[PDB]
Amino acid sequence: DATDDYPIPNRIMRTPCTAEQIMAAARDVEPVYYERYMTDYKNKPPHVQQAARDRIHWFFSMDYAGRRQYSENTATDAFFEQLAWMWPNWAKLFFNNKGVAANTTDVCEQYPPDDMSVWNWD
């Protein structure tokens, strides 16, 4: 039920980067996407914020096989991901579209892996 790029962009399933690398890249090369995401994030309660960080860290901790199985799970069942009951767009910056995915993954490796400052906005 998944395609190569939907629901999760191919480049995102293949990248060696952390979430924080992709976010730092977005801040520079996809700033509108970054700012839309952080605006959404900052409006969520702390428990939801924490859950999104934990879940995206889990996602990028997997290899391609794990990421692809997640994509398949969410392609076959739109309600697979429990976080979506609280925040459907918890991973919008990462998974929304392949153009953003290509731009961010083209440069994410140039950024530091663990820079948590990307989670602080205003």
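One-based numbering along the sequence shown.
Chemist: Please compare 87-95 with 56-64 and name the stretch with the higher mean C-alpha B-factor in the deposited structure.
Modeler: The recorded data point to 56-64.
Chemist: Report the stretch with the higher mean CA temperature factor, choosing between 99-107 and 16-24 on the basis of the entry.
Modeler: In the deposited entry, the stretch with the higher C-alpha B-factor mean is 99-107.
Chemist: Grab the CA temperature factor for residue 74 from the record and place it in the lowest, middle or highest third of its chain.
Modeler: According to the entry, residue 74 has a C-alpha B-factor in the chain's middle third.
Chemist: Would the CA B-factor of residue 49 place it in the lowest, middle or highest third of its chain?
Modeler: For residue 49, whose C-alpha B-factor we compare with every modelled residue in the chain, the answer is the lowest third.
Chemist: Comparing residue 39 with the other modelled residues of its chain, is its CA B-factor in the lowest, middle or highest third?
Modeler: As the PDB entry reports it, the C-alpha B-factor of residue 39 lands in the middle third of its chain.
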